[PDB]
Amino acid sequence: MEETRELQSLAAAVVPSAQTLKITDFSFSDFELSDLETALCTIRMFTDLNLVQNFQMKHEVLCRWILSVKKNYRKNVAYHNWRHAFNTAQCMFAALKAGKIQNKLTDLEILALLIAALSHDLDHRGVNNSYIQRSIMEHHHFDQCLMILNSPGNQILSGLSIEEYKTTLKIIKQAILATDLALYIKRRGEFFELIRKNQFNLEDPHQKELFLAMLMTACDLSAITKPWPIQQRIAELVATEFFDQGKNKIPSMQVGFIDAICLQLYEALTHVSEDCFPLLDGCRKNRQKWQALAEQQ
Ligand SMILES: CCCOc1ccc(S(=O)(=O)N2CCN(C)CC2)cc1-c1nc(CC)cc(=O)[nH]1
Ligand SMILES: [Mg+2]
Ligand SMILES: [Zn+2]
């Protein structure tokens, strides 16, 4: 099988440093990377967050798990595919390291966030696809996540005690549920209102959970923070999924997306951690770019 070959190659490969793979950079891009290379980057993410160590992950199991996750995204979907999931996780890794968020979280929270980031859009069929089995989409994504986590040879949480496991699974679930933008809109007010008054405190369980939710959305949307040539390309992908699947209004829509959803979030995040500023800076630069295009109609 192509996949048995794929596992062997992945399992046998040496994993380059985080620095070599550029995964610490907020401006990271995956366009030039093969599927195998994104798999290596993902291993390095688990490794340098001390997750392989602290939770006793077997190499071939983590490899198998990454390949299962990748396989359960749909290639024919223009934007919501493995590369979007991979990028979300990279942004999580970057925010944890470069953004210095790692120190504010527990190991179990970090484990959950990385798994959630990678898993949060599993089996997405594209924005214009919706079926009736009756945050519905997000429950399906989590279901896929759980299914892969319980599959033979893919159990990367096997090293956790049952108590750690249940705690981790619940964090993973809330984190994936949080990627529902309706949910983010409903909850962000509290977050912003809290930051506004310097009342925001991570030691409070309820606020911790709120922050994990906000962090998920920030990574999820982080293409909007990329260098202009990259953002332009990603916008092209989402435009294809939005309209093609299955006056140019796009620049105006992007400005509206940035204003309504993106700016305040990245603003809020930089307050929590000044080192996350490149996300806010990048988002502001893209607004300027899209706005100018919008002004030319
Ligand atoms: C680039 C072509 C247009 O893209 C958009 C148009 C409108 C809006 S929106 O804020 O008004 N709105 C629409 C209804 N919802 C689903 C919630 C959001 C968002 C985007 C957009 N989304 C993403 C994330 C998938 C990335 C991105 O770059 N742009
Ligand atoms: Mg989603
Ligand atoms: Zn997403």
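Count along the sequence shown starting at 1, add 85, and that's the number in my numbering.
We treat Cβ as the ideally placed atom computed from N, Cα and C, and that holds for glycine.
**OP:** List the whole-angstrom C-beta distance separating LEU207 from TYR158, where the pair is believed to meet the contact cut-off of C-beta under 8 Å.
**Re:** 6 Å
Original post:
Around the C-beta of residue 26, are 16 or more other C-beta atoms found within 10 angstroms, so that it is buried, or is it exposed?
Top reply: A question about residue 26 goes unanswered here, because the residues of the chain that appear run from 86 up to 382.
Original post:
With 16 other CB atoms within 10 Å as the buried threshold, where does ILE186 fall?
Top reply: buried
**OP:** Tell me whether the beta-carbon of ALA201 lies closer than 9 Å to the beta-carbon of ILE261.
**Re:** yes
Original post:
According to the Cβ coordinates, are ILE233 and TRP167 closer than 9 Å?
Top reply: no
Original post:
Can you round the beta-carbon distance between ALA308 and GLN316 to whole angstroms, since I take them to be within the 8 Å contact cut?
Top reply: Contact between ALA308 and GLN316 holds: their C-beta atoms lie close to 6 Å from each other, under 8 Å.
Original post:
For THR310, which residues from the same chain have a beta carbon less than 6 Å from its beta carbon, with the 5 sequence-adjacent residues on both sides left out?
Top reply: Closer than 6 Å at Cβ, skipping near neighbours: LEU364, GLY367, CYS368.
Original post:
With respect to 8 Å, is the separation between the Cβ of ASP305 and the closest non-hydrogen atom of ligand 3 below this value?
Top reply: Flag set: Cβ of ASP305 near ligand 3.
Original post:
The alpha helix (DSSP H) with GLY367 in it runs from where to where?
Top reply: 362-380
Original post:
Is it true that the CB of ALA298 sits closer than 9 Å to the CB of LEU279?
Top reply: no
**OP:** Using 8 Å as the cut-off, classify the Cβ of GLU194 as near or not near the heavy atoms of ligand 2, replying yes or no.
**Re:** Residue side-chain check: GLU194 keeps its Cβ at 8 Å or more from all non-hydrogen atoms of ligand 2.
**OP:** With a threshold of 8 Å, establish whether the CB of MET222 neighbours any heavy atom of ligand 2.
**Re:** yes
Original post:
If we count the other Cβ atoms within 10 Å of its Cβ and call it buried at 16 or more, is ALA345 buried or exposed?
Top reply: exposed
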